[PDB]
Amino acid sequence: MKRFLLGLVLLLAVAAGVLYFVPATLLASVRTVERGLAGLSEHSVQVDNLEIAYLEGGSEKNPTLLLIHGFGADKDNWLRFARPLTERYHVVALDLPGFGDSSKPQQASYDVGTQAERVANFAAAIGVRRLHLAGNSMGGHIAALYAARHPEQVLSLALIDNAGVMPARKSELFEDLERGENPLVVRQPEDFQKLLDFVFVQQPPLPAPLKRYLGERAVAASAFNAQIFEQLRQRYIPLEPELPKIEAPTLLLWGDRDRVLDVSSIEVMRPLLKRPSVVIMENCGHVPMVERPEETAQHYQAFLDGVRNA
């Protein structure tokens, strides 16, 4: 019957629009708003034949800040943090290979050592020779290695709840791992809210339709993310022997109630760094630059002012 088929067309039309098209445009609209408010726009560049997506803003005449997201995250983690920075800095935030909109070759290495070399190659690819680095979690682990390996390029380093040391207190993540639980890998749609609860003390407001799509995207990425996470475990590079090689002023910034990586990490790193600064934000979780962006950016600007002003 023509009507049964016609009705079949509309039913699929509405379903395809509801299930696929509306969520995607929703994400594109929110990205448009948050990137636009931060003065950031998206580009891509091929680095060792991998497509690396990145955001860029501010004047190229100003010093470059290169921002590196953590495990399972992407460059949009940095939008609200970057907003007060693009007035005075050339801000760049990339998607690491394996994440976001960048290439994800199935057979590549995604250890932080290999990733740190890709980031250095990326900086050269966009014509940046001297820069400030900031990295969160896995991205901080990577940023620290970049700074240790290429001291001539790095003007300052900000480690925002970075991975890479073994502190006195075992974090809730590392506790979870002993029982085969990893909140950072979202297997089921309900585990996405669990991930947010795990990394935020006070979670920023998130519209329900946007949240569900983010959760769907996280589930779709979970198998590959789990494989990368296994490489981060098996190909782990301790920072303790590397930190003394860093010449740059280094900011250690933590959320005091970080459940993923413990604040006692700072006591490991501080004695090992030539020029450490410290900020511990109160009642804050693992991603201060997302949870309290303007506050975190203000601490970072203060740090940068000191680095420049003397």
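The numbering used is simple: start at 1 and walk along the sequence shown.
When the C-alpha B-factors of 20 to 28 and 283 to 291 are averaged, 20 to 28 comes out higher.
Note on 242 to 250 vs 48 to 56: mean CA B-factor is higher in 242 to 250. For the set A123, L177, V199, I142, the PDB entry puts the maximum C-alpha B factor at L177.
Across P183, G135, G72, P84, the greatest Cα temperature factor reported in the deposited entry is at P183.
When the CA B factors of the chain's modelled residues are split into thirds, the value for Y89 lands in the lowest one.
Residue-level temperature factors show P205 in the middle third of its chain, judged at the C-alpha atom. Ranked within its chain, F229 lands in the middle third, by CA B factor from the PDB record. The entry lists a Cα temperature factor for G39 that places it in the lowest third of the chain's modelled residues.
Per the deposited record, the Cα B-factor of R118 falls in the middle third when ranked against the other modelled residues of its chain.
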